[PDB]
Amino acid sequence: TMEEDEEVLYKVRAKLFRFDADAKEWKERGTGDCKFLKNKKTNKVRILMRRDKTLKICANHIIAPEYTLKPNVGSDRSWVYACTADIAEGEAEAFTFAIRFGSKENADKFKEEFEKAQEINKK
């Protein structure tokens, strides 16, 4: 699985979208458990998200300090941010992601954990 080297800081149920530019519309990329994983070797924290049942990776990227969480117009329980390099598909690619949670509480908690992970990744 390549997750044994890592400690689970935070785990939350979420749905992930990527913005398609050609058509101006959001497209689902996966639904399942979103995990914040701290590498015990490097102390670097990444987002790893796996789809329900298939267990395929829909999100795999470092929680970069530069990244900023921006609210969607149509959701108080979602965050939209730009990821420079995601390797879920295979080769590092730039995405405009949106991630939606079960409640405003979960989204607010995600925002605090994301910022905690960013401070760790600066060192």
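Don't overthink the numbering: it's just position in the shown sequence, from 1.
- Among all modelled residues in this chain, the alpha-carbon of residue 74 has a temperature factor (C-alpha) in the middle third.
- Ranked against the other modelled residues of its chain, the C-alpha B-factor of residue 28 as given in the entry falls in the lowest third.
- Per the deposited record, the Cα B-factor of residue 54 falls in the middle third when ranked against the other modelled residues of its chain.
- Residue 47: CA B factor lies in the lowest third for its chain, per the PDB record.
- Residue 92 sits in the highest third of its chain by CA B factor, as recorded in the PDB entry.
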